[PDB]
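All remarks here apply to the structure that follows.
We just call them A, B, C, D and E in the order they show up, numbering each chain from 1.
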């Protein structure tokens, strides 16, 4: 079936603040969490992503930056 | 003196990091605050916890990794260029040889005076689970600074 | 027991391979004094824990060994001792001849070896020249030329950060010598406390120099009432660490003289030198009434009634009734106390002066006033909770 | 052949005040980094070399485990030659460094540069000796001092620490003067050879 | 010839620090333009 997203108070304020710079300007970020399909869904912690020449796009995802974060997010146990 | 303004998102994310690491009473959590210390009012716009290990029975036992600081600081440059390290926070009510010696370690990466913060994970008494403290010498003397809670327009809404 | 003849010689042969490049004059000068017990600049290792005030014969010898002293023990032997310790030798023939060594020679080392901190620890390359900048004009020519060089040392005090406190105290030592022979001893007493209050590692002096420094601390508070009173130095290890006779009790007798209020009792135990200055008699009366001025909050009356009669302070300060109006008037002009007075009703009300560190009956009454704050919780507070 | 982690401990004491035997000192420790790292990481994988300081200026970590010996040399900068000496702190920092790292479930080794006889406490050295045996930690004490310094608490820590064969420690004495520091360490069991378990 | 090799190894890695620092900056400035 579908999935019901359940954003806590920590993830909602962080995902919002990252995109509060400028009306025209666009940014992006990454969500992380551990859950199962069949309804339930959680988000542990999020962080913003760098903006490329294409702005928000599929090629704007940096596998080098994303891999370095998951190693830095492992220290506190929030890596998922 | 100076003033300190801490956003509610910083204190909300700092308490959950204490639970994410499953830290008991025998250990305490230490982290870094980010913001702009150039003005007279110190503001913390970002924070992240560090894997700080400590022994309660021995004040000479502490573990602080500086390698995660250099990598995290370079990762934040691609996120927000206006965010720099203004100091470091820590948990626990007590101030011992572990927290006093590491105050000069973050000073290498912090231009201004690192802002010291005692974070109460249990929220015991009155308000203000975290108090603003500045380091000054005449023996280490930590003076309290006014701590106000203020956020952005959409943050409070 | 020869510290510099044997212990210093044997331990010098053990370190730095075989000898620290000792010249034939090294062993020749050690046999000069023999049993006369003249250490004369013990040269690093021994010199750290051993001081010598005798005129050194080797002053021009170890100058070529400075490069060897760095690789032998520590670089702090040059900045904290040796050429910087020449002031302890009390040699008048060397006056203003140390600019080629304590200044020019250290300037050449700062332009070659140590650029800022050099290597090893800190404290070298700064205190070298900065110590002798103000110390040049202390003796000989008048202190007026030294005042212009004191501000440059105070700017580097907050800017530079050093672990040892001897560098910081070295800046206040020149400030004390400036106000020592001049007027305004309130600044001399202020810089003397910051120089030495309680510091174990810094400011290491013999027992004879502690009483000489206590003499400067005694004459510092005679001409001014600032920073508590003569009894402030009693709580600090100053009066308890010195003998009670030979005119070293001046600070102790003036503490009890405040409650007695008689100048003739203290004037009989002193000499004509300090009793001929009226400033000592004038500023002592301000501290005698000051005890009565602190009674305005809570001392005797438990109702916190504030009233001051001119007859009570007359016998305490040894001053007549008509001069009371001019005594409190001079206190506001100098910024000692803030408040208003009434000549018609003879009433004085002050905001505060400098409430002391005293204890006992004071802290006992302090708790009683806070009970009235808690009494309103049981009286006025419990009524609002029922609303 | 040998899979283990290496932690270089920088310790100073009163006996380290001499800065020149031939020319200068402590620069041989700087040059010895490239000989130890290349003989371990570049020779076989899953071998990392760290750097910490438990004495001298501050009891901190100079550099963590990296992929090159140059980052270790950056930690050697700003190091006071003369400073306080704490043995229990140096062993505790390395134990916490070896606890949190990558390539887990491996052998652990501590390489300490020792200029002193290390006289502090007898029970503190024995308590840390029995604890490091459970984590398979090898503390290599390299004697500097003046010629050879022995018959002290330094040898008492080595004598009481050895339950097993290769998992505990090895003694290396460095002769003062114009001698090669990297050659005595390379030929020693500290680098590869003995100690594999 | 063992003297200058001590300071040469330092400047060699300091160049790599500045190289890796600008390497992420060269790719960032091209993405920012």
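In this text, a contact is a pair of C-beta atoms (placed from the backbone, for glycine too) under 8 Å apart; a residue touches a chain by one contact, two chains touch by 3 or more.
Which protein is which chain? UniProt says C = 26S proteasome regulatory subunit RPN9; D = 26S proteasome regulatory subunit RPN10.
Which two chains touch most often is answered by the contact tally, and the pair is A-B.
Chain centroids computed from C-alpha atoms place B closest to the centre of all protein C-alpha atoms shown. Taking each chain's centre as the mean of its C-alpha atoms, subunit D lies 29 Å from subunit E.
Measuring from the averaged C-alpha position of subunit B to that of subunit E gives a distance of 32 Å. Put simply, the C-alpha centre of subunit A and that of subunit D have 43 angstrom between them. Shown for subunit D are the residues in touch with two or more other chains, of which there are none. Counting partner chains per residue, subunit A shows two or more touched chains at residues 50. Taken together, the subunit B residues at the contact with subunit A in this complex read 8-9, 12-13, 16-17, 20-22, 48-51, 65, 68, 71-72, 75, 78-80, 152, 154-155.
Against subunit C, in their complex, subunit D makes its touches with residues 17-21, 24, 57, 80-83, 146, 177. Considering their complex, residues 14-17, 70-74, 119-121 of subunit C touch subunit D.
The touching residues of subunit D, counted against subunit B in their complex, run 58-61, 63-64, 86, 88-89, 92-93, 96-97, 99-100. Subunit E meets subunit A in the complex at residues 28, 30-33.
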